[PDB]
């Protein structure tokens, strides 16, 4: 495979569609591409391409580096684009399957060469478009299941953080121990019944004191 080679006419359409936006796209014609490409137009195109592929602000191409040391910063504006183009374009065109891009191509664009470079860029743009679809699908499968692990740590650490008589017994036990008796609760509707020997007293036909005395006489 070498990449498909568009004719100038088709190159304008693809650039309008994918690279140049609004007024910049509208103004593009075959004329500023062939037979004498226009450096200013090509600069615009390469900058846009780089901004799309790498995410680079247009600003970044017009930046005056720190202790520059230049006499007249403002006489420098025409040169600035170039400096920043070169470095990125050396890396980017190989990716587009172009291996013979040279600074002359930025400074003084030739017809047949820039046509081939533009097709290289355009074809890569279509390919990544296809790659974007599948990447984004994968990036909503993993980041969505990351949301399902946020909620799975919300319900797990909350329910891990929630997990993170000595007066009535001794009174009721002394009765049982010192007397050595226990009631049967089958004491009819009135009588008293229990075990010590079996104790069986009527209580309707017996005094309270008689019952007390009979119980303590066995202790």
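Positions refer to the first chain, counted from 1.
Student: If the chain runs straight from residue 196 to residue 197, say none; otherwise bin the unmodelled deposited residues as 1 to 3, 4 to 9, or 10 or more.
Tutor: 4 to 9 residues are missing.
Student: Check the entry and tell me how many residues of the deposited sequence have no coordinates between residue 164 and residue 165: none, 1 to 3, 4 to 9, or 10 or more.
Tutor: Unresolved stretch here: 10 or more residues.
Student: Looking only at CA atoms, which has the higher mean B factor in the entry: 177 to 185 or 58 to 66?
Tutor: Taking the mean C-alpha B-factor of 177 to 185 and of 58 to 66, the larger value falls to 177 to 185.
Student: Would 21 to 29 or 200 to 208 have the larger average of its C-alpha temperature factors, as given in the entry?
Tutor: Higher mean C-alpha B-factor: 200 to 208.
Student: Out of 41, 53, 169, 47, which shows the largest CA B-factor listed in the entry?
Tutor: Across 41, 53, 169, 47, the entry lists the biggest C-alpha B-factor for 169.
Student: Taking the Cα B-factors listed in the entry, which of 147, 100, 77, 137 comes out highest?
Tutor: Of the candidates given, the C-alpha B-factor peaks at 147.
Student: Sorting the chain's CA B-factors, does residue 219 end up in the lowest, middle or highest third?
Tutor: Highest third, going by the recorded CA B-factors of the chain.
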